[PDB]
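An overview of the molecular structure
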Amino acid sequence: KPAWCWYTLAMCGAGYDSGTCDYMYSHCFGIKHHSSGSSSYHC
Ligand SMILES: *[C@@H]1O[C@H](CO)[C@@H](O)[C@H](O)[C@H]1NC(C)=O
Ligand SMILES: *[C@@H]1O[C@H](CO)[C@@H](O)[C@H](O)[C@H]1NC(C)=O
């Protein structure tokens, strides 16, 4: 199986704001907060 997520972090080391990590990392998880819309707000 592929391996680009954690990989992007592995090379990081311990950063909290660089480029690939902050991007790939965040996206790797995410919390329904992408440019689109909430779950079910304002019926
Ligand atoms: C991101 O983390 C810090 C940025 O200050 C640095 O050590 C590192 O080189 C940057 N880039 C990557 C790929 O980690
Ligand atoms: C809004 O959606 C809910 C379902 O979660 C529904 O019960 C309700 O009738 C809809 N309209 C209003 C005014 O809440």
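- The deposited coordinates, according to the entry record, derive from solution NMR.

Notes on the UniProt feature "disulfide bond" in the protein
- The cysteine pair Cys5 and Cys28, annotated by UniProt as disulfide-bonded, shows a sulfur separation of 2.0 Å, below the 2.5 Å cut-off, so the bond is present here. Placement of the pair is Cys5 in helix α1 (residues 5–10) and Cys28 in helix α2 (residues 20–29), with a sequence separation of 23 residues.
- We classify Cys28 as partly exposed; its relative accessible area is 35%.
- For the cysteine pair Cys12 and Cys21, annotated in UniProt as disulfide-bonded, the sulfur atoms lie 2.0 Å apart, consistent with the bond being present in this model.
- You can call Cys12 partly exposed: its relative accessible area is 27%.

Quick look at the state of the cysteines
- A full pass over the atoms with the stated rule returns 2 disulfides.
- Note on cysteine connectivity: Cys5 is disulfide-linked to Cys28, with sulfurs 2.0 Å apart. Between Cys5 and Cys28 the disulfide shows an S-S torsion of about 130°. By sign, it is right-handed.
- The disulfide partner of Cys12 is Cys21, and the S-S distance across this bridge is 2.0 Å. As the torsion about the S-S bond is roughly 130°, the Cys12-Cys21 disulfide counts as right-handed.
- For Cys21, a relative accessible area of 9% corresponds to the buried category.

Re the packing of aromatic side chains
- Counted under the stated rule, the structure contains 2 aromatic pairs.
- A centroid spacing of 5.3 Å and a plane angle of 70° characterise the contact between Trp6 and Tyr7, whose relative ring orientation is edge-to-face.
- When the ring of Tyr25 is compared with that of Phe29, the centres are 6.4 Å apart and the planes differ by 85°; the resulting orientation is edge-to-face. Of the two residues, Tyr25 and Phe29 are both situated in helix α2; the distance of 4 residues between them amounts to about one turn of the helix.
- A residue is classified by how much of its surface remains accessible, and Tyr25, at 43% relative accessible area, is partly exposed.
- According to the relative accessible area criterion, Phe29 is exposed, its value standing at 67%.

The rules behind these values
Residues numbered from 1 in each chain as written, not as in the entry; some residues may be left out. Chains lettered and ligands numbered in written order. Heavy atoms only, no water. Disulfide = S-S within 2.5 Å. UniProt positions renumbered as here; feature names shortened; annotations may be inferred. Helix = DSSP H or I, 4+ residues; strand = E, 2+ residues; numbered from the N terminus. Buried < 20%, exposed > 50% of the residue type's maximum accessible area, 1.4 Å probe, protein only. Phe/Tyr/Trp six-rings, centres within 6.5 Å; stacked < 30°, edge-to-face > 60°.

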